[PDB]
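Colleague: following this: a sequence and the matching experimental structure.
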Amino acid sequence: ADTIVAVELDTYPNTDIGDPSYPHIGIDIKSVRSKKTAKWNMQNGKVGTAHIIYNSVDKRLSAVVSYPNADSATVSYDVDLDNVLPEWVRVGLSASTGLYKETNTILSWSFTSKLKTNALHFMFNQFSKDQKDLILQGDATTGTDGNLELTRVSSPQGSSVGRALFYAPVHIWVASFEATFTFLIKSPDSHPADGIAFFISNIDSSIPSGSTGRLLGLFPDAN
Amino acid sequence: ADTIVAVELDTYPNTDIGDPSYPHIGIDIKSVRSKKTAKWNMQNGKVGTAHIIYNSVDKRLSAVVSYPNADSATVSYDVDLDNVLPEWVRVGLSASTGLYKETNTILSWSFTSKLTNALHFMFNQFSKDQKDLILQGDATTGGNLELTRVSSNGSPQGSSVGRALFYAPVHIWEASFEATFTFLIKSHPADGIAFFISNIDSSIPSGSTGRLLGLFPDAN
Ligand SMILES: CCN(CC)c1ccc2c(c1)Oc1cc(N(CC)CC)ccc1C2c1ccccc1C(=O)OCCOCCOCCn1cc(CO[C@H]2O[C@H](CO)[C@@H](O)[C@H](O)[C@H]2O)nn1
Ligand SMILES: CCN(CC)c1ccc2c(c1)Oc1cc(N(CC)CC)ccc1C2c1ccccc1C(=O)OCCOCCOCCn1cc(CO[C@H]2O[C@H](CO)[C@@H](O)[C@H](O)[C@H]2O)nn1
Ligand SMILES: [Ca+2]
Ligand SMILES: [Ca+2]
Ligand SMILES: [Ca+2]
Ligand SMILES: [Mn+2]
Ligand SMILES: [Mn+2]
């Protein structure tokens, strides 16, 4: 199986697999069952921003999600990436839908990593119809209104999964990275599902079979 | 396979499986490859003390090892016990030797856990038939607990593994705990002593002498 470190923006509580009873953001280390979560007052139809940061000095992964004019949701956790991830990885964005659904629209994505010094930076503020520096998996598509649609849209569809990975491998392991993305999750359902994640993976990571819904396109099961 | 959280006092560097290049203390969460380590200035033949603490407020596992009039060695790490361990556990001490060897002698051992429901035990002496301990492998009692095999002349043996678990199951989440032990390692020494928390049915995995400390079935 693939090795995954991720930050999830989990819009749909699946309390049967350990997710708190409310929308939450969490840090996922080799399992969909987050090591730590924070309540997320998710806003249907508004543009939100997510910011992820890591350094090898304190070796803590930290994330914050926000909308303009509202309090943000943060979470942080100890993790030594040398133990969890291979030395070279692939960075990406993942999303899914299940029974319930929502748009998983990405309007912008930036990433910076330094390994001290060698560095990689990319910034997307728009996405073209053939964005050759992204590897699109599953249902993900680019270029409709200049955005990245991680899951299928006609209006959002159910039982969809998709992801977009930066084309180049990244040398992940002082060592550090940051990622930022903007997203629009809209849904006609009064329950949106399921969510978006920023992830870091083995270079040859692919969508696990049966990873729609509560598995976010990241994991082959809920273990 | 068992589920293990442990504090290791690692006397022998196995750099081929990620242990730093010096004796160290480490926090192990479901792998012998420590999540975090600190350098440990181990003192051959001198009684040492280890203290381990955990609370569900900050959900951090901490540990300190020291000797009289020396600097201590300390390590801490975020651990959410609910998503690592089963709800009921046993607690114990484990040790091993390999191609290099040491005595792994425990002179006292205490433990406290609160959830209020509470459990506490304190051993400042061990008897020959210590009915509230489960002895696994080469471990023996009777006033000390000898985790690994010591011959009749008092010299340790290689290729040995042994554990002692408290007799009752322990309710570890539904939260805090503390453990202390004192030990005497005499010998290059190998391999170390751990305090661990396990599934209730845990037993020494086959082939877990040497670097695997009696805890883990492989070095994954
Ligand atoms: C009353 C509780 N709720 C409302 C939230 C509920 C909803 C749907 C079912 C529910 C229950 O129960 C079953 C049970 C089964 N069984 C087999 C005959 C008995 C277990 C078959 C299908 C469904 C279904 C079902 C019916 C029609 C079409 C599909 C299904 C269908 O998808 O159901 C999945 C199996 O649900 C079993 C019970 O799960 C707990 C309640 N529940 C169900 C769902 C819907 O989950 C699906 O969507 C989620 C959000 O997008 C994803 O996170 C998730 O990965 C995904 O499988 N959530 N909460
Ligand atoms: C730390 C220094 N290093 C790395 C360069 C090292 C490397 C090889 C040996 C080393 C030491 O020490 C011995 C000692 C012995 N003795 C006689 C039984 C004791 C003096 C025999 C073989 C070896 C060998 C040896 C030479 C050739 C072929 C095989 C081996 C040899 O050690 O074979 C056992 C399997 O080893 C594969 C190589 O492992 C990586 C390096 N390293 C360190 C050690 C000693 O390990 C053994 O003891 C440890 C301490 O109790 C245990 O933690 C551990 O589980 C255990 O396997 N092994 N290797
Ligand atoms: Ca969920
Ligand atoms: Ca090309
Ligand atoms: Ca070792
Ligand atoms: Mn979740
Ligand atoms: Mn070690």
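Modeller: Arrived safely, thanks for sending. Residues are numbered from 1 along each chain as shown, chains lettered A, B, ... in the order given. Ligands and ions are numbered 1, 2, ... in the order given.
Colleague: and the residue sitting nearest the centre point of chain A, what element?
Modeller: Among the residues of chain A, the one closest to the centroid is residue A:197, at 1.7 Å (Cα atoms, centre = their mean). Per DSSP states H and E, residue A:197 falls inside strand A:195-202.
Colleague: helices or strands up against that strand?
Modeller: strand A:4-10, strand A:47-55, strand A:88-96, strand A:175-184 (3 or more Cβ pairs under 8 Å, 6 or more residues apart in numbering or on different chains; DSSP states H and E). (C-beta placed from N, C-alpha, C; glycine too.)
Colleague: the same query, at a cut-off of 10 Å, please.
Modeller: Secondary-structure packing of strand A:195-202 (3 or more Cβ pairs under 10 Å, 6 or more residues apart in numbering or on different chains; DSSP states H and E): strand A:4-10, strand A:24-29, strand A:47-55, strand A:60-66, strand A:88-96, strand A:105-115, strand A:161-166, strand A:175-184.
Colleague: between it and strand A:4-10, how many degrees?
Modeller: Using axes from the mean of the first three to the mean of the last three Cα atoms, to 10 degrees, the direction of strand A:195-202 lies 180 degrees away from that of strand A:4-10.
Colleague: can strand A:195-202 be found next to ligand 3?
Modeller: No: judged by Cβ under 5 Å from the ion, strand A:195-202 and ligand 3 are separated, with a smallest distance of 6.1 Å.
Colleague: ok, residue A:146 - how many residues close by?
Modeller: 14 (other Cβ atoms under 10 Å in any protein chain shown).
Colleague: what's it sitting at in phi/psi?
Modeller: Main-chain dihedrals, residue A:146, degrees, to the nearest 10: phi 70, psi 20.
Colleague: contacting residues for the closest residue to it other than its chain neighbours?
Modeller: Nearest residue to residue A:146, sequence neighbours excluded (Cβ to Cβ, 6 or more residues apart in numbering or on different chains): residue A:126, at 4.1 Å. For residue A:126, the contact set (Cβ atoms under 10 Å, 6 or more residues apart in numbering or on different chains) comprises A:107, A:108, A:142, A:143, A:145, A:146, A:147, A:148.
Colleague: what's around the residue lying closest to the third one once chain neighbours are set aside, how many residues?
Modeller: To tie it back to what came earlier, the one meant is residue A:142. The shortest distance from residue A:142 to any non-neighbouring residue, by Cβ to Cβ, 6+ apart, is to residue A:127 (4.1 Å). The number of residues packed near residue A:127 is 22, by other Cβ under 10 Å.
Colleague: residue A:127 contacts residue A:107, correct?
Modeller: Yes: between residue A:127 and residue A:107 there is a contact under Cβ atoms under 10 Å: 8.7 Å.
Colleague: give me the distance between the residue nearest to residue A:142 and ligand 1.
Modeller: Distance check for residue A:127 against ligand 1: by Cβ to the nearest ligand atom, to the nearest Å, it reads 25 Å.
Colleague: now residue A:120
Modeller: Taking Cβ to the nearest ligand atom as the measure, residue A:120 falls 34 Å from ligand 1.
Colleague: for that residue, name its beta-bridge partners.
Modeller: As for beta bridges, residue A:120 partners with residue A:113 under DSSP bridges.
Colleague: mind listing what the most far-flung residue of chain A relative to its centre touches?
Modeller: Within chain A, residue A:117 marks the point farthest from the mean C-alpha position, 26.8 Å out by Cα atoms, centre = their mean. Going by Cβ under 10 Å, 6+ apart, residue A:117 touches A:174, A:175.
Colleague: could you measure from the residue nearest to the centre of chain A over to residue A:126?
Modeller: Distance, residue A:197 to residue A:126, by Cβ to Cβ, to the nearest Å: 22 Å.
Colleague: repeat that for residue A:165.
Modeller: Residue A:165 is 18 Å from residue A:126, by Cβ to Cβ.
Colleague: same thing with residue A:102?
Modeller: 22 Å.
Colleague: now residue A:6
Modeller: On the measure of Cβ to Cβ, residue A:6 and residue A:126 end up 25 Å apart.
Colleague: ok, back up a step: can I get the contacts of residue A:126 in TSV with distance to residue A:160?
Modeller: Formatted as TSV, the contacts of residue A:126 follow (distance: Cβ to Cβ, whole Å):
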residue	distance to residue A:160
A:107	19
A:108	21
A:142	15
A:143	18
A:145	18
A:146	20
A:147	16
A:148	14
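Colleague: selection in ChimeraX covering whichever of these are buried, please.
Modeller: Buried subset of the contacts of residue A:126, written as a ChimeraX selection, criterion 16 or more other Cβ atoms under 10 Å in any protein chain shown:
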select /A:107,108,142,147,148
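Colleague: which two in the contacts of residue A:126 are spaced the farthest apart?
Modeller: Spatial extent of those (Cβ to Cβ) is set by the pair A:108 and A:143 at 14.4 Å.
Colleague: about what we covered before: is ligand 6 contacted by the strand holding residue A:197?
Modeller: No: using Cβ under 5 Å from the ion, strand A:195-202 stays clear of ligand 6, coming no nearer than 7.3 Å.
Colleague: is any part of that strand close to ligand 1?
Modeller: No: for a cut-off given as Cβ under 6 Å from any ligand atom, strand A:195-202 has no contacts with ligand 1; the smallest distance is 8.9 Å.
Colleague: that strand to strand A:161-166, inter-axis angle?
Modeller: 50 degrees.
Colleague: for residue A:221, find the nearest of the helices and strands packed on strand A:195-202.
Modeller: Proximity to residue A:221 (Cβ to Cβ) singles out strand A:4-10 among the helices and strands packed on strand A:195-202, at 12.2 Å.
Colleague: go through stretch A:198-216 and flag the buried ones.
Modeller: Neighbour-count burial for stretch A:198-216 [16+ other Cβ under 10 Å]: A:198-202, A:205, A:207-208, A:211-216.
Colleague: just checking stretch A:34-49 against chain B, any contact.
Modeller: Yes: against chain B, stretch A:34-49 shows contacts by Cβ under 10 Å from any Cβ of the partner chain at A:34, A:35, A:36, A:37.
Colleague: scratch that, stretch A:85-105 is what I was asking about
Modeller: No: applying Cβ under 10 Å from any Cβ, one finds stretch A:85-105 separated from chain B by no less than 13.2 Å.
Colleague: on that earlier part again, quick check: the farthest pair among the residues of stretch A:34-49 next to chain B?
Modeller: Farthest pair in those (Cβ to Cβ) is A:35 and A:37. Separation: 8.5 Å.
Colleague: what touches both of the two?
Modeller: With Cβ under 10 Å, 6+ apart as the test, residue A:35 and residue A:37 both reach A:26, A:27, A:28, A:75, B:80.
Colleague: tell me the most packed of these, by neighbour count.
Modeller: The shared contacts of residue A:35 and residue A:37, ranked by neighbours (other Cβ under 10 Å): first place residue A:26, 26 neighbours.
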